[PDB]
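S.K.: all I have is the shape, not the residue letters:
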């Protein structure tokens, strides 16, 4: 009658994430009904239905002035480890995982006065020797022309382009699964105003959301701070 | 054929309340029929179908005399740890548990002679800076007017009012789940009698029962006496 | 309630090839679709649908010259441990196993110029005192006449002939399950050419494939190199 | 009251406990 | 989420966890 | 290939291995 | 008499005991 | 001959023994 | 546009009070109008006006105030409209959010004040029910919030579930004058419990 | 404006074809993430004798640079059950302990807590005394020996015992009528109860407490704090990793 059993070598070990529960010692507790609004079941949903502001030089926006042209106003490399993605929800949620997949949605909100106007060219530049320095260079790439004064807000989707099905959350010296290129914003025209003495500059807030195809996998433990 | 088995780390431990039985060593004992009246299966039922007398200054009652008015005759804070709930069944049963929910039913029985009469105002005062000192103050609260000589007994329900679904059995320095307020009884009129030399005072017995919605959860072990 | 169990003596041991899996600690990972061409599921299929070249004196072929006759041009004993089977896929795959069964298919490809011609006699000689030295001797055995200039390529099947159902992959001093005989190729006629000064010799490439009835069993670990 | 394993009846009801008449 | 044994219900649903009202 | 116990599925197919899409 | 486990027949009736003819 | 446990087939017939052709 | 915070309000009475609950009708819990403060050019991004509801302004909520004042517990939502008075030459933008259990406040508890939010907070305040108030497009934010809390009701003297955070994302530029921030608050589906003693 | 691609008109954006699923968002699931053992806390054993204090199981307001700490701070209200793993690691010579029983007692939210040694065991002259509240009874007592133990641990599941329908991870108000800086983000009973580890070892070693949160429910998302510093403008953080260029 006693059952012949063979003890596996990994026997008395711990294994932290076993797919099984411990023995219960305090049964039959019926818990009170928890009505309460706003329950969420998956972090990816709040990442997709919500936006955070980027950290451009410590502020949540870049500026256009009545003197601008050529040079890029905003530039960030496409990696969740990028600096301008620092204080964001999507970037911060990501540190819990090893890999990501999908697009990021950026939306720019021009907060310059109603008496103010400017036009922007926003480009997604794929991995390359070295990042364009002027807009005539970048305009060969995927880009959109944002004329404020048509819509004060503009959404741009940074796509996912890679031979790998997922890329790394934690970047490092450039690898083929580390970085996906750059996102740049140029001034197609400098800020014009009704009176340059009253309005000389206007600020574009830049916010990020997880794209519809965005996903995160492989939960990871936090490494030494840096 | 021997079954691969992995020994959990909590292996040879004790765990006192496991939801399982030990191995039987003395089988097949048929026990004699136990007729016997008065079996009870749940302590809450005997707490609800039964009343005990409170301990007001060591006696099971408070007194009204021909000189009374203003001041409260009986005052107890709504907590199972209250003093006047001391010798009661409900209070004593409670010490076996950590939390309670529901109302308490108090019934006052006037035992003054038939030639005697008085009127009482009984109030349930919610948590507040400091407890009313006179009845004109308390009468702003939930209260009932008991005219003896209409009914010699009067039942009053102390309600459950709290943002928490359960409150603590074991009170301590006032917390939001410790105390629920005060129960007070005032004399609306002093005792009147047919002859003040024969009957100068009358005693109101005060008894407690668990209310219909009363409940107790979380069995707990007895701490050091105090 | 606790189940009576008896621990087998081989209890806490390792046993490397147990037919069972270990406990999973990192669940729910859905893996990306792996399209990719050319998946193979059994090594025997690639051994049968593919050919390798033999190693005759370090070259993948034997030569016929305008001076040949009698003597064997190619001779190899039928054993996967044979030298001329050295660099082949079938021989190399075999070292992973202890036993084999079935036939080997050899195909000779004459690469001498179109202006060149010769005839070969290929024989399968069963185990014997000592291997024939001339073709008139071997021609008593199973043989085929290959006239180049009829077909430039010729396939010959070395059969499986043995009282045992499988023979050894790893040969040694001759045993009854070690060697199955010899495969020899003779020149029925010497190389003829349109001009002996231009073409004096022609090379026959010899390739091997696993036969249709070929099989390998008993995976084995690699022994000391030799 | 307080027996919640599927294995609480590893031993028959007459072996494990007493039986009322 | 994260309980994948066939034996996860070795103890009844009311003994193993709490129960919502 | 090489899993022959009746208990090879003590843990669900999605916990024990990966799943192809 | 005195065998009350569900596992009393872990071994067949002919292996566990003797058999009457 | 001499295998009488209900658990003699804890491993499949093709894993536990050889198979005749 | 109206933004509902987490869900729409309900008039269900608290599951945890077995004593009479009084439903304050709209004409009793009315509506109150306050000036929150003035947004100046000098104040920088991250600066926020913190307005827990209500607790430092309960005394100015007339009718509602009188009723709430006399009872122990209250369950209720709020309907708030934050506005800004700026010209079409003013540039700037705020983010006005409704935060459940907001805390930072260095125990200046339940007092409307001003603080400097810590970056990851101003960057992510949009994660709570909110609306952006861009000075080139709009002048108002309208948020409606349901009762929320760890239990079915609370004591507003000790707890303010909802607190409105008006935060500067893009600084004020343009004409020199300041932009006054304004706010209307209306208690919604208010339910009151257990009457307190007379104040003698 | 215009919407989709290649004319380059103002407001017009180019075509994007969304990617197909693969992982199914399984890993970002709240209850999946929390149903695993986390090494939160490490704690000292109390001697069998005296008047020890119980340790409250409250993993909520943490600052620890660990994944469970931030994660638990991502919502405003939380509900889950609990599982524990208690281990014991020597800090002296393992041969100091010849028996080493450890009594563990778990207390539901609201349980009374004053204990003093009161239960005497007697044997051949010498005697042993254990706490009033270490004895096996109403609430779970677990007893494991550390000596030859192949794992010097124990473990069990316990339910949500709070009186609140949900635990407020953040609370804008006071948990007591007296408004003391102390009772500020407070609320009594916003936890899992408390434990009492008691043993003749006590010196000789410590514990290791791991929590597992089965049946987790989170309410009202909140901002998630950074974890690392901000790299320089227009750069990327570069971390050591599995992948990395050799």
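M.R.: Cool, the structure landed. Numbers count the residues shown, from 1 in each chain, chains lettered A, B, ... in the order given.
S.K.: in chain D, what residue lies closest to chain B?
M.R.: residue D:4 (3.8 Å; CB to the nearest CB). For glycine as for every other residue, the C-beta is placed from the backbone atoms N, C-alpha and C.
S.K.: now do the same contact list for that residue.
M.R.: Residues counted as contacts of residue D:4 (CB atoms under 8 Å, 6 or more residues apart in numbering or on different chains) are A:24, A:27, B:19-20, E:11-12, E:14-16.
S.K.: now do residue A:180
M.R.: A:78-79, A:126-127, A:158, A:160-162, A:167.
S.K.: show me which of the residues you listed are buried.
M.R.: Buried by 16 or more other CB atoms under 10 Å in any protein chain shown: A:78-79, A:127, A:158, A:160, A:162, A:167, out of these.
S.K.: picking that back up, from the contacts of residue D:4, list the ones also adjacent to chain C.
M.R.: Checking those against chain C by CB under 8 Å from any CB of the partner chain, the ones in range are residue B:20.
S.K.: highest neighbour count among the contacts of residue D:4?
M.R.: residue A:24 (26 neighbours; other CB atoms under 10 Å in any protein chain shown).
S.K.: for that residue, give me its contacts.
M.R.: B:19, D:4, E:11, E:15-17, J:156-159.
S.K.: so which of the residues you listed are in helices?
M.R.: With helices taken from DSSP state H, the overlap with these comprises E:15-16.
S.K.: which of the contacts of residue A:24 fall within strands?
M.R.: Mapping the contacts of residue A:24 onto strands (DSSP state E) picks out J:156-158.
S.K.: do the longest helix along chain I and chain J meet?
M.R.: The single longest helix within chain I, with elements called by DSSP H, is helix I:62-69. No: judged by CB under 8 Å from any CB, helix I:62-69 and chain J are separated, with a smallest distance of 15.2 Å.
S.K.: check the offset of that helix from the chain's centre.
M.R.: Between the centre of helix I:62-69 and the centre of its host chain there is 17 Å, according to CA atoms, centre = their mean, to the nearest Å.
S.K.: and what of stretch J:122-130?
M.R.: The answer for stretch J:122-130 is 36 Å, by CA atoms, centre = their mean.
S.K.: and for stretch I:164-179?
M.R.: Relative to its chain's centre, stretch I:164-179 lies at 19 Å (CA atoms, centre = their mean).
S.K.: is it anywhere near chain A?
M.R.: Yes: counting by CB under 8 Å from any CB, contacts between stretch I:164-179 and chain A involve I:169-171, I:173-175.
S.K.: before we move on, the earlier item: nearest residue to the residue of chain D closest to chain B in space, please, no chain neighbours.
M.R.: Excluding its sequence neighbours, the residue lying closest to residue D:4 (CB to CB, 6 or more residues apart in numbering or on different chains) is residue E:15, at 3.2 Å.
S.K.: doesn't residue B:18 make contact with that neighbour?
M.R.: No: in this structure, residue E:15 is not within contact of residue B:18 by CB atoms under 8 Å, at 9.9 Å.
S.K.: what residues does chain J have near chain H?
M.R.: Neighbours of chain H within chain J, by CB under 8 Å from any CB: none found.
S.K.: point me to the residue of chain J nearest chain F.
M.R.: For chain J, CB to the nearest CB, closest residue to chain F: residue J:22, 5.7 Å.
S.K.: now do chain I
M.R.: Closest point on chain I to chain F, by CB to the nearest CB, is residue I:127, at 31.2 Å.
S.K.: just give the number of residues close to that residue.
M.R.: Residue I:127: 24 neighbours (other CB under 10 Å).
S.K.: wait, doesn't it sit right on residue A:87?
M.R.: No: the criterion here is CB under 8 Å, and residue I:127 misses it with residue A:87 at 11.4 Å.
S.K.: anything in contact with each of the two?
M.R.: residue A:52.
S.K.: the strands in chain I, which residues?
M.R.: I:2-4, I:21-23, I:32-39, I:47-52, I:71-84, I:91-100, I:113-116, I:130-134, I:140-145, I:162-173, I:179-195.
S.K.: please see if the second one touches chain B.
M.R.: Same thing as strand I:21-23. No: judged by CB under 8 Å from any CB, strand I:21-23 stays clear of chain B, getting no closer than 9.8 Å.
S.K.: helices or strands next to that strand in the packing?
M.R.: In this structure, strand I:21-23 packs against strand I:179-195, with contacts taken as 3 or more CB pairs under 8 Å, 6 or more residues apart in numbering or on different chains; DSSP states H and E.
S.K.: same thing with the third one?
M.R.: Using 3+ CB pairs under 8 Å, 6+ apart as the contact definition, the elements that strand I:32-39 packs against are strand I:47-52, strand I:162-173, strand I:179-195.
S.K.: how about the residues of chain D by chain E?
M.R.: D:4-7.
S.K.: highest neighbour count among those?
M.R.: Highest count within the residues of chain D next to chain E by other CB under 10 Å belongs to residue D:4, 20 neighbours.
S.K.: give me the distance between the two termini of stretch I:157-177.
M.R.: 37 Å (CA to CA, to the nearest Å).
S.K.: which stretch of helix or strand covers residue A:46?
M.R.: Per DSSP states H and E: residue A:46 is located in helix A:43-48.
S.K.: good, we can wrap up now.
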